């Protein structure tokens, strides 16, 4: 299992623009398009990402690309977020993926807001940090997802995804 396999599981796959759980225009594998309510903005934006007039629809390949770019940026973000770099680096490989999923889902920012857990996570306090993570708007809004992730983080295995 890996980062791509993992997020493919958590975000699914849609070839047509859709709204997330948040009500936001999205497509592909978790490719947020715009916080705006304008479906039009949203198609502009798809078109712009894609490089053509999609008319609101992309191919598998197209989704796979946005996805590739999206994971890449995530890792690159992490690695450049000075609060984030050092946690990430301290982690084993499973756990890294967990940090990247989270970042892919809520942004460097939002993630940067798990300071408290992020520090116990830094300090190898698996369970302690996992319980703190649960006390978050993030956990309450997408419990099931959130769970697979605080599990993977805490355990350092992929069990939650098997």
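Residue numbers count along the first chain shown, from 1.
Taking the PDB entry as given, 29 to 37 carries the higher mean Cα B factor of the two stretches 29 to 37 and 130 to 138. Relative to its counterpart among 100 to 108 and 116 to 124, 116 to 124 has the higher mean temperature factor, C-alpha atoms as listed in the PDB entry. In this PDB entry, residue 66 carries a Cα temperature factor that places it within the middle third of its chain's modelled residues. Per the deposited record, the Cα B-factor of residue 13 falls in the highest third when ranked against the other modelled residues of its chain. In the PDB entry, residue 91 places in the middle third of its chain by CA B-factor. In the deposited entry, the Cα temperature factor of residue 154 sits in the middle third of values across the chain's modelled residues.
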